[PDB]
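In the form deposited in one PDB entry, a lone chain appears below as structure tokens.
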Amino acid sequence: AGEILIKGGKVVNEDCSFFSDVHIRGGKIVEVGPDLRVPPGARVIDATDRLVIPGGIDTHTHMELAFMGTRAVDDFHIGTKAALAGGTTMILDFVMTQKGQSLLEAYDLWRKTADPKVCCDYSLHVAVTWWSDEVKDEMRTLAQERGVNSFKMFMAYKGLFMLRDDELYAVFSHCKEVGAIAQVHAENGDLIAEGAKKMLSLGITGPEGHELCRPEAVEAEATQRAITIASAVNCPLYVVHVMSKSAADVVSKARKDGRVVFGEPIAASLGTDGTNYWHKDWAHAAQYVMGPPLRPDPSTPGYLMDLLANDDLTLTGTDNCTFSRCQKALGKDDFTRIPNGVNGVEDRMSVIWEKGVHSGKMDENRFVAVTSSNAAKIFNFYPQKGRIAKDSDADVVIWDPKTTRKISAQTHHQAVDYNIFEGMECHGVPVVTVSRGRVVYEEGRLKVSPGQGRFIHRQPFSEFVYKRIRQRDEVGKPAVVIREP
């Protein structure tokens, strides 16, 4: 039957925690309540002294992405296995359409690659890296028929993915027309371009040049510029990988001011900092290189966790885009050629629990919100996921909040041969992972088949995202002053 009864644990949802068993049948949670009967044949997972939580949803992955001419080593198969071993049961990955390339073709190419490989459920965002009538039509089709309500735009990567303010305005207007959320990579691409060209001319070729060429003012600027353009068209906006206190503060201010904007710090920016770029060992330093960079102010990850706790920032991904040591080494003489990207998919849940909950910054319920529920709300499949409740999908993690585990490339399940959280002792261990109603990780071991996970098709106009937008369309229309002719 695939029947499971999770007994003896404490259920933790975004709103409150309560003791109850959870009955899973055929991919679904079919009952939640105290002292449930064990149906004959059902497997019991004993969750005594464990929390029973929705599996983590990683909003931000790049599994096997061909990026700076090379291709990330964690692929859809190993990347999703690694996510499951870390208590994460869904990933949302970016279709990185090339400039001038059909968005539908790129989407089709991602689905063909991921469908036969994923070990957990997944969905997709689609990058809008150029603009034209064809792109406009394809975005409508994706939103209405292909299950995608999130488009990603770049203010960085001049020459490559970058769009100018007038194009962002049109792109954000059309996101709003098709009921999608606009995601932005917010750094000033012109400043990055000049910055790196300047660091190199000064002989600063190492990873410190990568951070110095685009300090956090560059991120904070483009963050405010994206918010202002999105506010001008009444388009909801999502700022991916918030890396710095100053860009986080921009997002915090815009929300207090009522702007429909969501900020996403990533496990990296929550669990480590950019002082690593100044490490004497070049290889160590290079491991941390990604855009935007981690910041050398050591108060940054603690500060981003505070804003995440307070909902100035709302939910988390990893930007998992991994390159091996020999791959990073492609930039040994020039930081502009180090493939950009860090790990996280596996460790996100423990890193956040240790840095956010064990530290006293947020409670276990807020932890659920910022690791699964808010992603399900924004991308439009709550309470199908992100909630332990009857009729929800059975993606469930039995969590031990008191035990610690040390993160190490020597013990992790990612394909990458290092870990930016190397050595970190985290409270918060995923002891059992359930995905689509099957036990896929227990006693330290994975049991899953590539292609077992499914693409999740979403509808447009997520209510969490759009209900205020639509009301503002109805009452916030500018009016003419009536004057004598």
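When you see a residue number, it is the position in the sequence shown, counting from 1.
Beyond the structure shown, there is the form solved in complex with a small molecule, which is absent from this document and is the topic of what follows.
Residue-level contacts in the deposited bound form: of 427, 436, 62, 458, one residue has a heavy atom within 4.5 Å of the small molecule, and it is 62. Checking 367, 262, 110, 154 for any heavy atom within 4.5 Å of the small molecule in the deposited bound form turns up a single hit: 154. When contacts are judged by a 4.5 Å heavy atom cut-off, residue 393 does not count as touching the small molecule in the deposited bound form. The closest non-hydrogen atom of residue 384 lies beyond 4.5 Å of the small molecule in the deposited bound form. Remark: residue 227 does not count among the residues lining the small molecule in the deposited bound form, judged by a heavy atom distance of 4.5 Å or less. Contact annotation: residue 340 falls within 4.5 Å of the small molecule in the deposited bound form, judged by heavy atom distances. Stretch-level contact analysis of 133-141, 166-174, 397-405, 340-348 against the small molecule in the deposited bound form, using heavy atoms and a 4.5 Å limit, identifies 340-348. Candidate site formed by 241, 291 and 321: every one of these residues places a non-hydrogen atom within 4.5 angstroms of the small molecule in the deposited bound form.
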